[PDB]
Amino acid sequence: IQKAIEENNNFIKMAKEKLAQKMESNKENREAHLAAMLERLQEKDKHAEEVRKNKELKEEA
Amino acid sequence: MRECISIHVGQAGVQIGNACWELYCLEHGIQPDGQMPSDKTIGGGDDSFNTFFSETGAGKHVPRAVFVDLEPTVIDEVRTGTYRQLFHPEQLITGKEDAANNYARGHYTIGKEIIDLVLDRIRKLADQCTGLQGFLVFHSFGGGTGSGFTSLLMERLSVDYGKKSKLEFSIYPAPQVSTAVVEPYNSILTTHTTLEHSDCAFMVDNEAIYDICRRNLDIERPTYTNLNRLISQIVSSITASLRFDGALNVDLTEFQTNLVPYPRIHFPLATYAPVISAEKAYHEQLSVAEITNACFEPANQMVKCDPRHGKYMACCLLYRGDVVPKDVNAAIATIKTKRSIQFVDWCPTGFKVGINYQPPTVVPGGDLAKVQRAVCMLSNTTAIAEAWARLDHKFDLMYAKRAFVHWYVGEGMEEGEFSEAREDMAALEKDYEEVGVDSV
Amino acid sequence: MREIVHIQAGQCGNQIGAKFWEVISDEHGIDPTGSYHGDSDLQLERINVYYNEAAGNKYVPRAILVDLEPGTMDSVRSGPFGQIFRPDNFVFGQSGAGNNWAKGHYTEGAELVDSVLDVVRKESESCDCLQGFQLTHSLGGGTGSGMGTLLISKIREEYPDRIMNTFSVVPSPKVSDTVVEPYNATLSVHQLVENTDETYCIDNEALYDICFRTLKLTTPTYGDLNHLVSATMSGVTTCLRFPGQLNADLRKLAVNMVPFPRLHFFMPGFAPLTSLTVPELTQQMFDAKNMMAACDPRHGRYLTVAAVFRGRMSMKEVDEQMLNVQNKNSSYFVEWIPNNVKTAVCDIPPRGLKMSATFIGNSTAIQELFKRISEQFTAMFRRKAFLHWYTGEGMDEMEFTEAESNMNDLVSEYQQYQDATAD
Ligand SMILES: Nc1nc2c(ncn2[C@@H]2O[C@H](COP(=O)(O)OP(=O)(O)OP(=O)(O)O)[C@@H](O)[C@H]2O)c(=O)[nH]1
Ligand SMILES: Nc1nc2c(ncn2[C@@H]2O[C@H](COP(=O)(O)OP(=O)(O)OP(=O)(O)O)[C@@H](O)[C@H]2O)c(=O)[nH]1
Ligand SMILES: [Ca+2]
Ligand SMILES: [Ca+2]
Ligand SMILES: [Cl-]
Ligand SMILES: [Mg+2]
Ligand SMILES: [Mg+2]
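Here is what the cut-offs are and how they apply
- Residues numbered from 1 in each chain as written, not as in the entry; some residues may be left out.
- Chains lettered and ligands numbered in written order.
- Part of a larger assembly, values for the part shown.
- Heavy atoms only, no water.
- Residues with missing side-chain atoms left out of burial classes, pairs and counts.
- UniProt positions renumbered as here; feature names shortened; annotations may be inferred.
- Contact = heavy atoms within 4.5 Å.
- Buried area = accessible area lost by both parts, 1.4 Å probe.
- Salt bridge = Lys/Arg side-chain N within 4 Å of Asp/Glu carboxyl O.
- Nonpolar A, V, L, I, M, F, W, Y, C, P; charged D, E, K, R; others polar.
- Donors = N, O, S within 2.8 Å, 3.2 Å for Na, K, Ca; no water.
- Domains from an automatic or database assignment.
- Buried < 20%, exposed > 50% of the residue type's maximum accessible area, 1.4 Å probe, protein only.
- Helix = DSSP H or I, 4+ residues; strand = E, 2+ residues; numbered from the N terminus.
- Pairing = 2+ DSSP bridges.
- Right-handed = clockwise from strand over helix to strand, strands pointing away.
- Expected span 1.5 Å × (residues − 1).
- Bend = angle between axes of the 7 residues up to and from the residue.
- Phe/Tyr/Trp six-rings, centres within 6.5 Å; stacked < 30°, edge-to-face > 60°.
- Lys NZ or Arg CZ within 6 Å of the ring centre and 35° of its normal.
- Near = heavy atom within 4 Å.
- Polar contact = N/O pair within 3.5 Å; in protein donor to acceptor, adjacent residues only side chain to side chain.
- Areas by Shrake-Rupley, 256 points an atom, 1.4 Å probe, with all protein chains shown as cover.
- Core = buried A, V, L, I, M, F, W, Y, C linked by side-chain atoms within 4.5 Å.
- Axes fitted to C-alpha atoms, helices over the stretch in contact; angles between N-to-C directions.

For this coordinate set, the PDB header names X-ray crystallography as the determination method and states a resolution of 2.76 Å.

Under the PDB entry, the name given to chain C is Tubulin beta chain, and the organism recorded is Sus scrofa. UniProt annotates chain C under Subcellular location with the comment "Cytoplasm, Cytoskeleton". According to UniProt, the comment filed for chain C under the heading Sequence similarities is "Belongs to the tubulin family."

Chain A has the name Stathmin-4 in the PDB entry, where Rattus norvegicus is given as its organism.

Participant: Sorry, what's going on with the interface of chain A and chain C here?
Facilitator: Bring the parts together and some accessible area is lost; that lost area is often taken as the interface size. The interface of chain A with chain C comprises 16 residues on the first partner and 18 residues on the second. Together chain A and chain C conceal approximately 1300 Å² of surface at their shared face, both sides included; 56% is due to carbon and sulfur atoms. Looking at the side of chain A facing chain C, the largest losses of area belong to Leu41(A), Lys44(A) and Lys55(A), adding up to 35% of the total buried there. Viewed at the interface, chain C and chain A are joined by two salt bridges. Measuring nitrogen to oxygen at the nearest pair gives 3.3 Å for the salt bridge that ties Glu393(C) to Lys55(A). In terms of residue class, the side of chain A that touches chain C is built from six nonpolar, three polar and seven charged.

Participant: Just checking my understanding: could you explain the coordination of the calcium ion (ligand 3) for this structure?
Facilitator: Geometry sets the ideal angles at a metal, namely 109.5 degrees for four tetrahedral donors and 90 or 180 degrees for six octahedral donors. Around the calcium ion (ligand 3), the protein supplies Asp39(B) (OD), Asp39(B) (OD), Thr41(B) (O), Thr41(B) (OG1), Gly44(B) (O), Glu55(B) (OE) and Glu55(B) (OE) as donor atoms, at distances of 2.1 to 2.5 Å. Sequence spacing among the residues donating to the calcium ion (ligand 3) works out to D-x1-T-x2-G-x10-E.

Participant: Where do I start with the domain arrangement of chain C in this structure?
Facilitator: All names here are of chain C. The domains assigned to chain C are domain 1 (1-259), domain 2 (260-365) and domain 3 (366-423). Put simply, the middle of domain 2 and the middle of domain 3, counted by C-alpha atoms, are 29 Å apart. Summing both sides of the interface, domain 2 and domain 3 together bury roughly 1600 Å²; the carbon and sulfur share of this comes to 55%. Area buried by domain 2 at its contact with domain 3 is led by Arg 262, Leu 263 and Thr 364, which between them contribute 35% of it.

Participant: Help me understand the pairing of strand β4 (residues 63-67) of chain C, please; the structure alone is not making it clear to me.
Facilitator: On a regular strand, each side chain points to the face opposite its neighbour's, so the side chains alternate between the two faces of the sheet. All names here are of chain C. Of all five residues in β4, five are buried; the element is thus mostly enclosed. Neither face of β4 is open: one carries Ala 63, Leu 65 and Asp 67, the other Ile 64 and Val 66, and all of them are buried. Note that strand β1 (residues 2-9) and β4 share four bridges and pair parallel. Looking across to β4, one finds that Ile 7 is bridged to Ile 64. Judged from the three bridges that link them, β4 and strand β5 (residues 90-92) form a sheet pairing that is parallel. By the bridge assignment, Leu 65 is partnered in β5 with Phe 90. Following the chain from β4 across helix α3 (residues 71-78) to the adjacent parallel β5, one finds a crossover that is right-handed.

Participant: Would you take a moment to explain the coordination of the magnesium ion (ligand 7) for this structure?
Facilitator: Protein ligation of the magnesium ion (ligand 7) involves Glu69(C) (OE) and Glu69(C) (OE), the donor distances falling in the range 2.0 to 2.6 Å. Among the structural elements, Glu69(C) can be located in the loop between β4 and α3.

Participant: Looking at this model, I keep getting lost on helix α5 (residues 144-160) of chain B. Mind explaining?
Facilitator: Because an α-helix completes one turn every 3.6 residues, residues spaced three or four positions apart along the sequence face the same direction. All names here are of chain B. Across its 17 residues, α5 extends 24 Å between first and last C-alpha, which sits within 8% of the 24 Å expected from 1.5 Å per residue. The sharpest bend along α5 reaches about 25 degrees and sits at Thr 150. One or two residues past the end of α5 sits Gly 162, with phi positive at roughly 30 degrees.

Participant: What exactly am I supposed to notice about the packing of aromatic side chains here?
Facilitator: Given two aromatic rings, one states the distance between the centres and the angle between the planes to describe the pair. Residue and element names in this part refer to chain C. Summed over all chains, the structure comprises 48 aromatic pairs over all chains. Ring geometry for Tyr 200 and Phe 266: centres 5.4 Å apart, planes at 70 degrees, overall edge-to-face. Of this pair, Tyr 200 sits in strand β8 (residues 198-203) while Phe 266 sits in strand β9 (residues 265-271), placing them 66 residues apart in sequence. Taken individually, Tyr 200 and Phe 266 each receive the classification buried, so the pair is uniform in this respect. Connected via pairs of aromatic rings, a cluster forms that spans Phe 20, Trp 21, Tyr 50, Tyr 51, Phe 85 and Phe 90. Above the plane of the ring of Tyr 332 lies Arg 298, whose end atom (NZ or CZ) is 5.5 Å from the centre.

Participant: Where do I start with the site of ligand 1 in this structure?
Facilitator: Around ligand 1 sit 24 residues in total, of which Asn101(B), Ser140(B), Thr145(B), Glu183(B) and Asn206(B) are the nearest. The site occupied by ligand 1 is bordered by residues of chains B and C. Measuring from an oxygen atom of ligand 1, one finds a side-chain N or O atom of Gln15(B) at 2.9 Å. Note that a nitrogen atom of ligand 1 is positioned 3.0 Å from one of the side-chain N or O atoms of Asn228(B). Within the complex, the protein chains bury 98% of what would otherwise be the 640 Å² of accessible surface of ligand 1. Elements with a minimum of two residues in the shell around ligand 1: α1 (10-28), α5 and α8 (224-243) of chain B. Considering each element in turn, the shell around ligand 1 owes the most residues, four residues, to α1(B).

Participant: What's the story with the site of ligand 2 in this structure? I'm lost.
Facilitator: Residue and element names in this part refer to chain C. Around ligand 2 sit 21 residues in total, of which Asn 99, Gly 142, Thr 143, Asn 204 and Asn 226 are the nearest. In this structure, an oxygen atom belonging to ligand 2 sits 3.0 Å away from a main-chain N or O atom of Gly 144. Contact distances for ligand 2 include 2.7 Å between an oxygen atom and a side-chain N or O atom of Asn 204. Isolated, ligand 2 exposes 630 Å² of accessible area, and the fraction of that covered by the protein chains is 92%. Breaking the shell around ligand 2 down by element, the ones donating at least two residues are α1 (10-28), α6 (143-158) and α9 (222-236). Per-element tally for the shell around ligand 2: the top contributor is α1, with four residues. Its residues placed into classes, the shell around ligand 2 shows six nonpolar, 12 polar and three charged.

Participant: In this structure, what is going on with the UniProt feature "binding site: GTP" in chain C? I would like to understand it.
Facilitator: All names here are of chain C. Under the UniProt annotation, the feature "binding site: GTP" is placed at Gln 11, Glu 69, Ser 138, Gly 142, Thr 143, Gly 144, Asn 204 and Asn 226. Residue placement: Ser 138 occurs in strand β6 (residues 129-138). Along the polypeptide, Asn 204 turns up in helix α8 (residues 204-214). Since its relative accessible area comes to 14%, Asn 204 is described here as buried. Once residues lying within four places of it in the same chain are set aside, the contact partners of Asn 204 are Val 169, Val 170, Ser 172, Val 175 and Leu 225.

Participant: Just checking my understanding: could you explain the nonpolar core for this structure?
Facilitator: General note: in soluble globular proteins, nonpolar side chains tend to be found buried as a group. Counting 241 residues, the largest nonpolar core has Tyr185(B), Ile366(C) and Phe370(C) as its most contacted members. A total of eight residues in this core trace back to one element, the largest contributor, which is strand β10 (residues 312-321) of chain B. If we skip the residues at most four places from it in the chain, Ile366(C) touches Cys201(C), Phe265(C), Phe266(C), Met267(C), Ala293(C), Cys295(C) and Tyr414(C). Listed in part, the 27 residues of the second largest apolar core include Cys129(B), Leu132(B), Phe149(B) and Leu157(B).

Participant: Before we go on, may I ask you to explain the interface of chain C and chain B in this structure?
Facilitator: The partner chain B presents 24 residues to the 30 residues of chain C that form the contact. Between chain C and chain B lies a buried interface of about 2600 Å² when both sides are counted; carbon and sulfur atoms form 62% of it. Where chain C touches chain B, the interface holds six salt bridges. The tally of links between chain C and chain B comes to 14 residue pairs in polar contact. Broken down by secondary-structure element, the contributors of at least two residues to the side of chain C that touches chain B are α11 (250-257) and α13 (315-328) of chain C. Of the residues that constitute the side of chain C that touches chain B, the class distribution is 14 nonpolar, six polar and 10 charged.

Participant: For this particular structure, what's the right way to read the sheet that holds strand β10 (residues 302-311) of chain C?
Facilitator: By way of backbone hydrogen bonds, the strands of a sheet pair with one another, either parallel or antiparallel. Residues and elements named next belong to chain C. Strands sit in the order β5-β4-β1-β6-β7-β8-β9-β12-β10-β11 across an open sheet of 10 strands; the sheet is mixed. Taken across any chain shown, the strands that pair with only one partner, and hence form the sheet edges, are β5 and β11 (341-346). Pairs of neighbouring strands in the sheet enclose a mean axial angle of 20 degrees, with direction left out of account. Taken strand by strand, helix α7 (residues 181-195) contacts β7 (163-170), β8 and β9, and its axis lies near 155 degrees from that of β7.

Written out as structure tokens, the structure reads:
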């Protein structure tokens, strides 16, 4: 009966751990997939900042 | 005592739950307002029906059920339907955004936001139980909620209720009424993740139910209502042993001991008879032997597969209605000498029989005829693996090109989980091959 | 409770958008003032998807109207249903963009875009559960093409977890005489490949061929072309606007239609085209002559398809016929995506028709369209013609090369999966 209790607990133990390991790894990945997408759009705005600057330099010529 | 908590997840689960609980109420004489005139024990009791219904002081009988969906339109129809009064509002739980047929959204992204509330409401039902037996989870393999959130719930239920039993009613996808191209992905992912947490899963092929409706009820294009009203009949036959009691009644758990030789091999094949229209039933009573014969015609199975080309590990017959042991034994003797029934060498060939005298009920305006007697056979046959193979093949065709896989990675999943799940299914198919090989 | 926010930019965008609202307003029973006078409760069950509810039981389109020129803003204002729109949702410029993508994307539009985002944000802030956006615009003009793709980029910054949809009108010599339209289109696709989830390729080349050859309309007008566009747009949104299980969510549709993120360019289709039996609707709907994208589906293969049937009809007949065309045309559906053709039936007939059918196809034959634009494009880039129009706005000529290569990459990718096999 000790062994039966021991094995029920390990099943609850490994269950919760594996679950917690996936929900964290899952949050890391979705965050990083969005972070990279917003990184890209912000690099288009920087490329948009320069282009508008490149326009005023040629008006002085 | 020894109560069962039903959990209906996603559209399929909820709508099938509507069919089941409507049917339960009619079988038990419970009115849409929850009143049951025949119950003289007000506010409680240890009757057989109390395994599925709790009682309030006002005399209302309340399903021990929880409905959950990540979008409200489906449960909203319950909240306003004929049986809206049956359920306490807190039993009906809804999100605002669905899982968009994406296992990841149901398991992680959208599921994580509502899982705590659901468990808290499930806990409020378990606290009303003097000896809770286990859970019945109704869901689809195909939907994003039915597959992903169900897996999350099953994972979290194994933590909060240790090894307390959890039974599934799973809707296997069929192209005729299918909703998404990614269902093979969601079916494999959820099967892999719940396999360790489910003690027994009854699979229902929508194509099988689709074919039965068109062939046996002359319904030219079945709707979800047609399929669900049939599904409820099967669910009722399986749960009838828990909700009624009698001299020949055999508890589901006793059948369950015979149907699961190895923990992973817990997918019984259900067959039901008679499915007959009231126009055909008229002046054509089906005998005990006739419905028993039908249990071995594959056209009557809940999952398309060929038992003839597999081996049996168990055979259970759940009769309800006007049936007596003699007619059963007579029919089985004829069947055993006249059908292809080969068992694995390592298990006995007998048939386990149970009888409930309460006869089957039909919902007003349904397509089925009321009959004196019905039967549902539960068999552990290796042929059930055919359903895995068909699905595994469809999974393989798309995954080889990573088709649609980006929708899952975008929600936080990794390619590893796809290959990890597919590998588990490979083992499961190889496990079914092993159980069916002779001994040396 | 699943709201869509509508945006229309430029002349083409604003005019097909207005016509779109005219059609669906009728289907739902909404008069030019916004009052409901319909016969069925199903018209209103999912009216919220495109309309706000207002004091006095009035319905207001969740639409914002954008252009760098005020001409079209007066035109919309005085046309049919003109006063149904929210007056603050008109964001109009003063000068225009002169058919210049760079002006709409980088300079003139950049000044006006912020004021546009404010009205987008507020419509979004009052949404129970916003699902995404749909944009109507041309890819050959200057305002709709350049500023529209800019607006898409800025909206995705603030709503990255929401669906971005576009009805993008592709330019053709057969309609527009302007010469630099191939430049604007290619630059737009470069943006749409990265920042949209679903793009309905409304091809003016095909709309013309349809008006002249099938409808027998010599010298077609823009009204003739848009009549076809409104019929298509009404059909694509039928599943979103009325209670139907199939594709009722923008992303649930995208999940079923987009097997790879970059290949989200659809061929729309409609039937019947005239001015009928279920078998004839289906095989007419799968004809090259009925496609709104100038492409032959038999010159490619189908990745995914969505067929929408409207009207009262035998669903057993619809099932039988949809299943029949697949067995007979099995070579034109990729074998590595099982059951890749889905069907929806809407009990609601359209206007003036007893039965209709709308077709949404993700076919690798869409490369024929992009190759045409690449041909028109390269003919000019090899001669560096008209580039000063763009270099004057700060652009570098190797940004053209990037767009060209990215679109030529897109074509190869469509060919990549068209030649793929299972075993
Ligand atoms: N028998 C039966 N099966 C259903 C029913 N509704 C859905 N299904 C099954 O479920 C699949 C579609 O997913 P749903 O269950 O509707 O969606 P869900 O579980 O709510 O998850 P999401 O909608 O994606 O958030 C179909 O392919 C069917 O196989 C139903 O009413 N009856
Ligand atoms: N089918 C159709 N196409 C139109 C209509 N009006 C404009 N177009 C298309 O729009 C494109 C030209 O761009 P515009 O319509 O002027 O839109 P815009 O970007 O605001 O143009 P500018 O403001 O002048 O820079 C061409 O490819 C036309 O074919 C119309 O009424 N029907
Ligand atoms: Ca009682
Ligand atoms: Ca013209
Ligand atoms: Cl998204
Ligand atoms: Mg759902
Ligand atoms: Mg203009």
